[PDB]
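Novice: Provided hereafter are the protein sequence and its experimental coordinates.
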There are 2 protein chains.
Amino acid sequence: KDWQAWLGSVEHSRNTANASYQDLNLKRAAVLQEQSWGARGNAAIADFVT
Amino acid sequence: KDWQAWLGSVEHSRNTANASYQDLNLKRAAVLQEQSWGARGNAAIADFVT
């Protein structure tokens, strides 16, 4: 029983990190996309003024 | 008589230390077990929050 419980905990200890790894990148990609879109919009105004 | 008494004292001088050596380790093991169990409980809350 004790080693079975130990293995059960070990399984979730991996599942949780495997789950979190995807969501972190999901947030980062959106942040970078927003920043890149702002940077793309700055140059349009620069060229319009020039 | 005097050397017999000397030997009698020498015997207990060893018995006392032999007795104390076990109890010191007995205390230390329990202390370490409690600390390890607390450390094991911290990670569960960490994972729950994550």
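Specialist: The structure has been received and is ready for your questions. Numbering: from 1, shown residues only, chains lettered A, B, ... in the order given.

Novice: residue A:38 - how many residues pack around it?
Specialist: Using other Cβ atoms under 10 Å in any protein chain shown, residue A:38 has 9 neighbouring residues. No exception for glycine: its C-beta is placed from N, CA and C like everyone else's.

Novice: equivalent analysis for residue A:45, please.
Specialist: Neighbour number of residue A:45 under other Cβ under 10 Å is 9.

Novice: likewise for residue A:16?
Specialist: 14.

Novice: find the nearest non-adjacent residue to it, please.
Specialist: residue B:47 (5.5 Å; Cβ to Cβ, 6 or more residues apart in numbering or on different chains).

Novice: and that neighbour, what element?
Specialist: Following DSSP states H and E, one finds residue B:47 within helix B:2-49.

Novice: so how far is residue A:26 from the residue of chain A found nearest chain B?
Specialist: Using Cβ to the nearest Cβ, the single residue of chain A nearest to chain B is residue A:16, 5.5 Å away. Distance, residue A:16 to residue A:26, using Cβ to Cβ, to the nearest Å: 16 Å.

Novice: residues from chain A in reach of chain B?
Specialist: For chain A, the contact set with chain B under Cβ under 8 Å from any Cβ of the partner chain comprises A:12, A:13, A:16, A:20.

Novice: let's see if you can find the most crowded of those.
Specialist: residue A:16 (14 neighbours).

Novice: that older thread, ok, the residue of chain A closest to chain B to residue B:42 distance?
Specialist: 15 Å.

Novice: hang on, the earlier thing: I'd say the residue nearest to residue A:16 and residue A:13 touch.
Specialist: Yes: under the criterion of Cβ atoms under 8 Å, residue B:47 makes contact with residue A:13 at 6.9 Å.
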